[PDB]
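Residue numbering for the first sequence follows our numbering, beginning at -3 and increasing consecutively. Notes follow once the structure below has been shown.
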Amino acid sequence: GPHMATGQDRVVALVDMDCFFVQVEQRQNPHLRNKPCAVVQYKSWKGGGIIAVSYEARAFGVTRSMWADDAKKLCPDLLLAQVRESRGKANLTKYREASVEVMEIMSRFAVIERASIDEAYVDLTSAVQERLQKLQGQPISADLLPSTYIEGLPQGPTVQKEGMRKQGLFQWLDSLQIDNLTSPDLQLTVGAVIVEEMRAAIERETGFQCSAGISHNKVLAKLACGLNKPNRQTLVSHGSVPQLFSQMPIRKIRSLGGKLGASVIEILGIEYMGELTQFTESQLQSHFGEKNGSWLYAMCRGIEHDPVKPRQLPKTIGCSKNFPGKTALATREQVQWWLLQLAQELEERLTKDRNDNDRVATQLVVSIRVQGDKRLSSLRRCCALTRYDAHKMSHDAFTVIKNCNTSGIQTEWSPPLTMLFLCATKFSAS
DNA sequence: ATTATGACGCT
DNA sequence: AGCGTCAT
Ligand SMILES: Nc1nc2c(ncn2[C@H]2C[C@H](O)[C@@H](COP(=O)(O)OP(=O)(O)OP(=O)(O)O)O2)c(=O)[nH]1
Ligand SMILES: [Mn+2]
Ligand SMILES: [Mn+2]
Ligand SMILES: [Mn+2]
């Protein structure tokens, strides 16, 4: 009743750039704009692997994780842009630099948590309080929410999509109590006004479009963001959760799309998020552990407490390359040459990071995969990272991995290596 | 040959 | 510390 917490304390947004790498290439090359187009890494094997897809191309069935030759079968007019290659490997610097452009704009409105190269969470609770005091109690005009959907509306008592969006927004605004500065629905609405302003600034100052979700926590904001892409934002209220979750497959909620979610489905014999409400907290903890059980008990009621961490910069700076099939590394000279290539890219990125961000990494993580192992990483070992020098880092990585060569010959490497990975970690202020 | 990154939990 | 999971 009056003591039952409802998880409505915060206003949280999730901003995700639409088909980011594609947009970066479309800004650079206007010939690619408003076209079916995709971004690929490499080219010789099956035309390269697609990693990002414009919405025009998605309409033909093109998807990430598809070979370009196969995508061209679905979409013969598909346009392609290739990721830059430096030192023999894909180099993602252009997209990291574009990401910094967007993150710095978002940080003007509120403190952000960089969740990926193209998405960030935003804690808007305080900004919403401020804008509400600036409002002095006037309602919010629909004109302030020109790209916002209200999930679950319209309802009850109409042929076009924009008209649907506007009907739902009108129903939502008509039911707002704008006199209560602590109304969670009002707070979410003001949050959506601010996110309209943030997205407008991003597009004005970079050319890039994005989608966003606004709700009371990170999981609901992420889920909301996906409901109406591209170039739109969605408000998911606390009240919208029972209907939304009643037909939501469990795998759609962030962290449940893998083995844990499959086990929730199998053990409990359910399909949808809302079905979780029928279990006690102790029942869920008994199946899925104390932490997961409490998280699921609260999540299926729309409640989640994970904070938006104040972190705009990545915690790690890494370099990795797969060597699939017959390109696996089988000699010592090969392994050394590629460790050097990775370490040279790492040195360049670390030196730029030190100048930009006033910090130094102190630990080097070396990971490899050996032929025949299904796991991503066959081995991870750390060593000290005391100087930003590529030859030193590559010799140190070789030292930590050389015991993995089971060949009796000094020159050959067996079993051959199908992955190398160098990662700089444990940053200290400098 | 579903690649190149990231974050975070477990023990 | 080293390994696994999840995202995409
Ligand atoms: N190198 C590499 N980059 C990836 C991979 N998967 C995604 N990316 C990059 C390219 C995407 O443009 C970018 C952001 O990913 P998202 O999942 O948010 O998708 P994207 O922004 O492409 O489309 P969206 O409109 O958000 O559905 O991350 C991958 O497997 N390898
Ligand atoms: Mn995106
Ligand atoms: Mn995507
Ligand atoms: Mn994203």
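Cβ atoms here follow ideal geometry from the backbone N, Cα and C, with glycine treated the same way.
1) Determine the extent of the beta strand (DSSP E) in which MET160 is found, giving its start and end residues.
2) Taking its Cβ as the centre, do 16 or more other Cβ atoms sit within 10 Å of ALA138, making it buried, or is it exposed?
3) Could you pull the DSSP bridge partners for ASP119 from this structure?
4) Report the three-state DSSP secondary structure of residue 434 (helix, strand or coil).
5) Taking the straight line between their C-alpha atoms, what separation do you get for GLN134 and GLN173?
6) Is it buried or exposed, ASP12, if we count other Cβ atoms within 10 angstroms and call 16 or more buried?
7) Give me every residue whose Cβ sits closer than 6 Å to any heavy atom of ligand 4, in chain order.
8) Can you tell which of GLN279, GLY3, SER207, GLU93 has its C-alpha closest to the C-alpha of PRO142?
9) Using the Cα positions of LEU335 and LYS225, report the straight-line distance between them to the nearest angstrom.
10) Compute every distance between the C-beta of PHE166 and the non-hydrogen atoms of ligand 1, then say whether any falls below 7 Å.
11) At what residues does the alpha helix (DSSP H) containing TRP333 begin and finish?
12) Please report the distance separating the alpha-carbon of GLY253 from that of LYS218.
13) For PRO32, count the other beta carbons within 10 Å of its own beta carbon; 16 or more makes it buried, fewer makes it exposed. Which is it?
14) Under the rule that 16 or more other beta-carbon atoms within 10 Å means buried, what is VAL155, buried or exposed?
15) In terms of DSSP beta bridges, what is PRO245 paired with?
16) Say yes only if the C-beta of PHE204 is nearer than 7 Å to one or more non-hydrogen atoms of ligand 2, and no if none qualify.
17) So what's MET62 in DSSP terms, helix, strand or just coil?
18) Where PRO26 and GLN78 are concerned, what is the direct C-alpha to C-alpha distance, given to the nearest angstrom?
19) Quick check: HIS212 and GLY3, are their CB atoms within less than 8 Å of each other?
20) Would you tell me roughly how many angstroms separate the C-alpha atoms of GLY164 and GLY265, rounded to the nearest one?
21) Check each candidate in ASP392, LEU120, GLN330, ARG54 and name the one with the smallest Cα separation from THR414.
Let me lay it out:
1) Element bounds for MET160: not the beta strand (DSSP E) but the alpha helix (DSSP H), 157 to 170.
2) exposed
3) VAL8
4) One cannot answer for residue 434 here, as it falls past the ends of the chain, which runs -3 to 426.
5) 11 Å
6) buried
7) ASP12, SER112, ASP114, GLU115
8) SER207
9) 40 Å
10) no
11) 328 to 353
12) 14 Å
13) buried
14) exposed
15) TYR268
16) no
17) coil
18) 15 Å
19) yes
20) 35 Å
21) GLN330
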